[PDB]
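Encoded as structure tokens, the structure appears first; notes follow it.
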Amino acid sequence: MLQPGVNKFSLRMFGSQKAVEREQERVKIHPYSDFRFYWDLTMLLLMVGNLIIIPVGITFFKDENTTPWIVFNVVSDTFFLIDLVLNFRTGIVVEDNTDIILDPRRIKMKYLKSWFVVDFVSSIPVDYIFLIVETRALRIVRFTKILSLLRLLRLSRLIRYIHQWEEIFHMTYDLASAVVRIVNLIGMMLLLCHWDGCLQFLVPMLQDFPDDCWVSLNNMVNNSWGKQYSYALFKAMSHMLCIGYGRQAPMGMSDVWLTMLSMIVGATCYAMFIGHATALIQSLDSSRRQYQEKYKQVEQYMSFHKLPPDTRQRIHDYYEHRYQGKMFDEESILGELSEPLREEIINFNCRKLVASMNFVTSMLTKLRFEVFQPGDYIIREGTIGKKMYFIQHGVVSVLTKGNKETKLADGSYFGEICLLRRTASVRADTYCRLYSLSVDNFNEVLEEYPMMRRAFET
Amino acid sequence: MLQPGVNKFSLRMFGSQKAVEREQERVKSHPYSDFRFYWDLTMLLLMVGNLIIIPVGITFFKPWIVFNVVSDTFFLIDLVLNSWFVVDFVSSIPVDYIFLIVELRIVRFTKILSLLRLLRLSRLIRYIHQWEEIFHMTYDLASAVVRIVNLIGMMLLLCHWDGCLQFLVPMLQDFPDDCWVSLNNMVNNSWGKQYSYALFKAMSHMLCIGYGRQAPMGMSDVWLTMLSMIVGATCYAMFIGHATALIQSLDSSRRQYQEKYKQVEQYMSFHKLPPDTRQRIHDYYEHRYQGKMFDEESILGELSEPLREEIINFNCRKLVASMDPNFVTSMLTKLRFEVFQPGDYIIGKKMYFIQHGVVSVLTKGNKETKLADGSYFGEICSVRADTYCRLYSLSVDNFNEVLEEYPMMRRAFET
Amino acid sequence: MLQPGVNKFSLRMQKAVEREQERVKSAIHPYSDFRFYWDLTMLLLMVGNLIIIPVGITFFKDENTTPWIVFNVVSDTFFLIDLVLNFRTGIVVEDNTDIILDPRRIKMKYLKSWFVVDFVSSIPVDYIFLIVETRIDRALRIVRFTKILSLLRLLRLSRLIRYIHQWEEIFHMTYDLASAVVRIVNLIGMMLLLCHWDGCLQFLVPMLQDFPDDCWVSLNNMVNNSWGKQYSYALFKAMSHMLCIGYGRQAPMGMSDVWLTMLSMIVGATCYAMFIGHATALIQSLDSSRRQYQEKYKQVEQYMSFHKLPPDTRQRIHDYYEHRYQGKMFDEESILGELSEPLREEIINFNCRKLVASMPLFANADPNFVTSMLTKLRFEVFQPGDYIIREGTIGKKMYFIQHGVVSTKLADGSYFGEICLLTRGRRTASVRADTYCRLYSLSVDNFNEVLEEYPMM
Amino acid sequence: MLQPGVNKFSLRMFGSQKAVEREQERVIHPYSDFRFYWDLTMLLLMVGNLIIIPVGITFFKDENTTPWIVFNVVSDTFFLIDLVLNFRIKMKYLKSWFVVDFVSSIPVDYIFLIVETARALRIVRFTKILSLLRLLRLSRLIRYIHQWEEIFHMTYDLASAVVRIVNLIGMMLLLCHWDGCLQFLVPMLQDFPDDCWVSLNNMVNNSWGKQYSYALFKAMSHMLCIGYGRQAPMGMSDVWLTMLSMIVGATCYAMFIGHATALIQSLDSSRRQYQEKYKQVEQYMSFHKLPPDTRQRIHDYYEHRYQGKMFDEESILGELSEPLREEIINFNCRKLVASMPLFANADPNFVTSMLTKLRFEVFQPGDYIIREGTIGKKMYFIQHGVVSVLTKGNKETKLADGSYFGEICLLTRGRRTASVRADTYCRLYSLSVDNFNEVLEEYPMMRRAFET
Ligand SMILES: COc1cc2c(cc1OC)CC(=O)N(CCCN(C)C[C@H]1Cc3cc(OC)c(OC)cc31)CC2
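Chains as they are written, first to last, in PDB author numbering: chain B, 222 to 249, 256 to 362, 373 to 594, 603 to 665, 669 to 706; chain C, 222 to 250, 257 to 289, 295 to 314, 341 to 361, 375 to 594, 601 to 624, 630 to 663, 673 to 706; chain D, 222 to 234, 238 to 251, 256 to 365, 373 to 642, 651 to 700; chain A, 222 to 248, 256 to 315, 333 to 362, 372 to 706.
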């Protein structure tokens, strides 16, 4: 299973099949192996369970040496040693370059600059081994508890595993991905609040019961772990939201300093999260802002030249019925694409129109999109012929004595004459989305294409 | 009648009347029709009444039987006329009354079923968006205040929901001694006071001021105020972020003007510019752009040909005609805007058209010639500027292409 | 006298000033000195009223003392005077000299700018109401309605902001950090005025309802305390509502207090939120070229990572950027483009005459095409160790050394290999860069085209 | 060592010692190493006094013992030496901060009380007020730190960002404890009022530890806008001090949060500039109706061409100088363009010009690169991926990195003899025929060599 390649992500990370096979011959543990996926899924599950339950067990409750908590801790930590020794035989992507690092020497030397020390200190049963090497009892309990808090260093594993797997899975960068990111931020913040509540319940217990503690004043001595956890989370979330100090203001120096640090970090983190979410939602609403800026610049330009209200209203109508209220660019998007994709776009969008009438593939590279408005002349009499048109969605009425009122439907074509002084003229009935072809473009595309131009001229 | 026949908001969707007859066969095959507009308006009024009345009735005052049955009739009209199907299927029928047919806990079940009736706010969300672009006034500061007031509006109905919920939860489970009601002794006071205190706790929790006159004691109070605080603060913070972003976007053009002037400040810092020029540059930007930015070239090259023709005509018809439509029009299509500054020398291969201001001519023979709006000069193939002129330019080369492109009387023009 | 004859702000917007006189010779101009001083007198007197009236009408119960009445009536006389002077005045709006000398024109324009508010604020509605009541002749109701109708005078905020805006659009000479501080202190002034008004209201709303036991005045034992020791705590509650600190000493109890607290939380916190957003926007707009430089460097580093460049180049490019743009943007081509001619040639002259005129060929000739080719010059920045030109390479680009000394050693004002342009072939000199030499450049094509367009020399 | 010749990052400013020799030729230098050591000791002693002076003034009533006198006189002497060292350029500085530096450096309070020796208690109050006004090392520290910003900086990445927020929070905690000591000092100077908060809290004779750790709590509660403290102000000098504390704390915290959020947002800017472009393109496909397959095959092209890494190749190349563009293009393309035999014998100048005429191009698997019967227009130097060339009765021949397909019709014409197809995301380097023609017409040295 160490050989990578799964249609869920490998076929998207590597569009062609062969590249995926190339990954396989790279082996001839891999980052993209399915066994790695299963291992990291089980990891995330069990280790998030640890990050949630360990602060509850070690801060609240008594008689920690009971069988269920002990066996849970030892099995989790043994899995942690397993993945720790696995980290000495693995591979990661470096600076986005796909490097297998199947050599243990490399995955040791270059890993000797990572956070390996954090994983070392976290993934060893410090509480048990420190108790054994020592073997004042309350003081030893204090050390073993405060070092048991070091099991929460698995947040580093969580964040690194998320970072290596944030880019693997995507569906659509719309509200679906944005809500995923904001939900991840909210989950991290509630994890922080849970940790802070457990800390504010444990620091009194670590000192043993004070008389100047929030626990004594609130009489939360021997009621329940559920209510105590609920009220500690209450204090932590009130601190970050800046509601207050719960029921009573701090009374003891220990709790004064504790609430000071808790509320400073909570307020700072809440402000950071709120600003990040606001920036994310503005990025979601980015498409409207560009159009708003362009329209405000247009309005200021019209005011700078003192245009009459009729022209201003016509300009407003043209802008609202050209860009449809949110902005895009023809030139840049058609210039930042490879040849096959550009020809695919110009074929699908603009081939049915020409098919209603390799020269064509070279003529299609000169069709300029163009939108007019009702009542506006397209071609005017007395104007030298310089352009034709290819209706994509519009109805143009020819102005002629014979052609009193016509409605040219989709896929029509006019102005072709004088290509090879307009005889007539046409208006716009509805919102017509024309195309265009300058006579110079036709002359060029023809003169680099002579081997059929010798019959085109006829 | 499915025929819209609207010349006020359907005219914005389709400017010409002809498309109206097109919409005619669109009927013969409507969201913009009169009947749908009337139905949506009546349903909108009734559902606003729903959102601001039913939470009051379900929580307080444990008549109203008249209002709920008639409301359900119009909801059924929506479903038969009709993405979000189970939501309407649940919050479109009298679930509370029909639940008793299936069956104190039962009575409580009817109310929590009625709590699902609020989901039409989602229908309002979709509706309020699709009325947003059909009609508009302008993009001035006034419309922004309207948007902010509407934002405050749905956040305030959210406050109403939150207060009703915060009064209901300690009311469903009788009234425990640890509930905020028991602590405030306001068990049997007036409806006004109860609603005021509920909306007050909700207001404080979202606005992060306090809990009120007390602090949560029972587990129900703690957890209720818990989620109240988190959701209220979060939603209010995003609301304020959106409002401030919109306000800052209102005066955008001034912002880009300021950033461009800051970049010019850096540029003048680099080249050790003398203070006189460092002040003249500031004045020239204060009057050329008037502290608010635009780009004439991009806008002109972006507009459709008839529109661009309209603006260029309205700007320069009197200017050029003061010296065939096609030749003069092509000449107009090549005028550049060259706002000058007082005391700046002007001029010889270019001619100048003065739209605004006063220009002076310096010569040794005659003392000067005073010119005004519309006068043409520089016609060859030095002079000063007195006021903040807005001269127009005609480069000789551009004149050459304008002449050569039309050969009907080209040799006559060069003659 | 009514003619605008100032030499401070009318100068900024010279013969046009005489044209301003012309627009008055057709007969008060908004830019007139007397108008400006009179508007300043209203500025002071408006600030005074907006502070005193809410305190006077709320505090100092049974306000039958004479000096307050004298001050109020004289202020009302100034208000009638300035309202009637608002008739037949020039209003420069839309950056256009709309002097509207026509009485109908000034009438309609003033009727387009909160006319009815101006009348209702200017007229002493309290005095007229009391005099008509005395002419006519529930007593306590009339007593409270006296203060209620005197409260109509707070509509003068609209006039105050209108006058300051008529001056805000004039005083815009600075847009540096000083202007940001001016905007910030204006925001703080408006916010503190709202604090003062909310504090006065926190007492007025109870006061107009006498003093019920549920009001905070009763519970705080502040019924009989001094006026200062009441205003201070009222403003304390106003700021405690605005800043979202708390309800004050004790939570709201009565329905009136609860609803007033709700309204104060809204009008307080929302306005403070807009204030904070404005402050953050201004402090970020203070430093923007640094942000743009950071974005450009991030894009360049991102591109450099895209091409898997060796670390030596990844250090050389970083050094080049930090010693070329040095954390602050400058786009020479665009800035020069969007400048009118005379400023452009002035900048180019001051930059380039001493540098380029060192060698004799262009110095001898007439400086018109010389100025043109100077405007055609380009900015180039080099780094030590990189050879500017190579031996056995076609010499086509001269260099005018504005700064630094590079290798013989050439000091500032020298020139690099100008003989290559007039000759042709491969240059045999490999000049070595030794300093951060900011040079100037051109091309042989530019030289050929300037000699073609100007073949006189 | 009063000259800036140093063997550290100062060299990064001025590479060659001859460039450094210019400053040695001109030349106390602020950039000198001795001034560097003096600035570090200034920083250390300045932060020490900025933490200790407000506490020494307020809680330590009549600290007439010798240690405090020694501390104060050492500070006075060292600040005076710093002032006299900080002194041609003085006239430019003359209208700046000499009143500031004079009042900050000298012991105004101590010299004031010497000439004096209920007037005595008022003199003590004046001494305390003068020593408080002497705290202008806030401004001094701001100046000296702001000097360092231009002096040295490695990168503006996340590493420096967290440092910037840490600096802001350190300055803000400086403000916190200043306000904490103030909230005790102002009531203390009046003598403990009955209605004051200290009296209500019974914190009248408690130790320095409590009187500091709860005053700090009170003074940064108003900063985090959490509340007042144990009680409402009650006292009215107290409520005015609460006015000032509320305003300054909330306003400064608002500015600090705005600045920090803006920094963390500008930290990730390229991703935003790519997301905006992708939203624009998404609207482009929404406008001209297209099948979902084309939408997917454009999304894939962006995800494997820009990779979410938003950069503009033309602008980045242009804004660089030629003696820096040359190394980039060389490292990217010397192996590729020297691979084919015809250009291996080409002139280095001709090679570099052809490199400057090279253009980056990307393709997708299954998409034709060159077709059958089309007019040949460009040339290709494959840099990545594998390409499948199909030439009539030919199987899927697979060229690799460094190869070249399309070299035909480099100067000739005719229809395409073969059709190629991309097997992977082959990142090519295109090369148009007209560019080849123009480089040969401006380098006619080997026109006759390439004529064959
Ligand atoms: C009163 O101070 C602020 C208020 C607002 C804003 C900014 C403020 O300070 C940064 C804008 C905003 O997002 N908010 C944040 C609201 C979040 N909390 C709940 C508001 C209150 C608690 C908090 C947190 C603060 O710091 C961010 C703060 O600074 C004085 C004020 C407050 C809404 C209005």
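Backbone N, C-alpha and C fix where the C-beta goes; we use that ideal spot for every residue, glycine too.
Using Cβ-Cβ distances below 9 angstroms, what residues of the stretch 480–502 of chain A are close to chain D? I480, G481, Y482, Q485, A486, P487, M488, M490, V493, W494, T496, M497, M500, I501
Check whether the Cβ of C:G481 lies closer than 7 angstroms to any heavy atom of ligand 1, and answer yes or no. Result no, Cβ not under 7 angstroms from ligand 1.
For C:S350, three-class secondary structure by DSSP: coil
Any heavy atom of ligand 1 closer than 7 angstroms to the Cβ of C:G512? yes
Quick one: what does DSSP say C:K563 is sitting in, helix, strand or coil? coil
Could you confirm whether any beta carbon from chain A is found closer than 8 angstroms to the beta carbon of D:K464? yes
What did DSSP end up calling A:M633 once you bin it into helix, strand or coil? strand
Answer yes or no: does any C-beta atom of chain B fall closer than 8 angstroms to that of A:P546? Output row for A:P546: interface = no.
My output table needs one value for D:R484: the three-state DSSP class, helix, strand or coil. coil
Count the other C-beta atoms from every protein chain shown that fall within 10 angstroms of the C-beta of D:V420, then say buried if there are 16 or more, exposed otherwise. exposed
Chain D residues whose Cβ lies nearer than 9 angstroms to that of C:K589: Those within 9 angstroms of C:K589 in chain D number zero; the least Cβ separation is about 18 angstroms.
beta-carbon B:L478 near ligand 1 non-hydrogen atom, thresh 7 angstroms: yes
Looking at D:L386: is its Cβ nearer than 8 angstroms to the Cβ of D:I501? no
Residue closest to A:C587, alpha-carbon to alpha-carbon, out of A:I570, A:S524, A:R681, A:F438: A:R681
Buried or exposed: where does B:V344 fall if 16 or more other Cβ atoms within 10 Å of its Cβ makes it buried? Counting C-beta atoms within 10 angstroms of its own C-beta, B:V344 has fewer than 16 neighbours from the protein chains shown and is therefore classed as exposed.
Rounded to whole angstroms, what is the Cα-Cα separation between C:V302 and C:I280? 14 angstroms
State the start and end residues of the unbroken beta strand (DSSP E) segment that holds C:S686. 682–686 is the extent of the beta strand (DSSP E) around C:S686.
Please work out which residues of its chain come closer than 7 angstroms, Cβ to Cβ, to D:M477, disregarding the five sequence neighbours upstream and downstream, and give them in chain order. Excluding its 5 nearest sequence neighbours in each direction, D:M477 has C-beta neighbours in its own chain below 7 angstroms: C430, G503, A504, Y507, listed in chain order.
From D:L470, D:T362, D:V452, D:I480, pick the residue whose C-alpha is nearest to that of C:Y482; which is it? D:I480
Simplified DSSP assignment, three categories, for A:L390: Residue state for A:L390 is assigned as coil, using DSSP reduced to three classes.
Got a sec: which bits of the stretch 604–628 of chain D sit with their beta carbon under 9 angstroms from any beta carbon on chain A, in order along the chain? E615, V616, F617, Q618, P619, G620, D621, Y622, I623, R625, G627, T628
From D:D449 to D:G489, what distance separates their C-alpha atoms? Roughly 5 angstroms between the two C-alpha positions.
Nearest chain B C-beta to D:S523 closer than 8 angstroms, yes or no? Against chain B, the CB of D:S523 has no partner CB under 8 angstroms away; the residue lies outside that interface.
Would you identify the three-state DSSP class for C:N314, choosing helix, strand or coil? In the three-state DSSP reduction, C:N314 falls in the coil class, being neither helix nor strand.
Would A:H257 pass as a contact of A:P225 if the rule is Cβ separation under 8 angstroms? Yes, the pair counts as a contact, with Cβ atoms nearer than the cut-off.
Below 9 angstroms on C-beta distance, what does C:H638 contact in chain D? In chain order: nothing, as chain D lies at least about 11 angstroms away.
Any contact between the stretch 601–610 of chain A and the stretch 647–660 of chain A? By contact I mean 3 or more CB pairs, one from each, below 8 angstroms. As far as the Cβ criterion goes, the stretch 601–610 of chain A does not touch the stretch 647–660 of chain A, which means the pair count is below three.
Residues of the stretch 304–322 of chain D in Cβ contact with chain C at a cutoff of 8 angstroms, in chain order, please. none
Nearest by alpha-carbon distance to A:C663: which of A:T645, A:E696, A:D688 is it? Per the Cα distances, A:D688.
Residues that B:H638 bridges to, as DSSP identifies them: According to DSSP, which records beta bridges pairwise, B:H638 is partnered with B:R681.
Whose C-alpha, out of D:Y622, D:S467, D:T548, D:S569, is nearest the C-alpha of A:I582? D:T548
Can you give the Cα-Cα distance for B:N459 and B:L470, rounded to whole angstroms? The straight-line gap separating the alpha-carbon atoms of B:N459 and B:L470 is approximately 18 angstroms.
Would you mind reading off the limits of the alpha helix (DSSP H) that contains A:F659? Here A:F659 belongs to no alpha helix (DSSP H), and DSSP marks it neither H nor E.
What residues of chain A sit near B:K533, judged by a beta carbon separation below 7 angstroms? Ordered by position in chain A, no residue passes the 7 angstroms Cβ test against B:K533, which lies about 18 angstroms from the chain.
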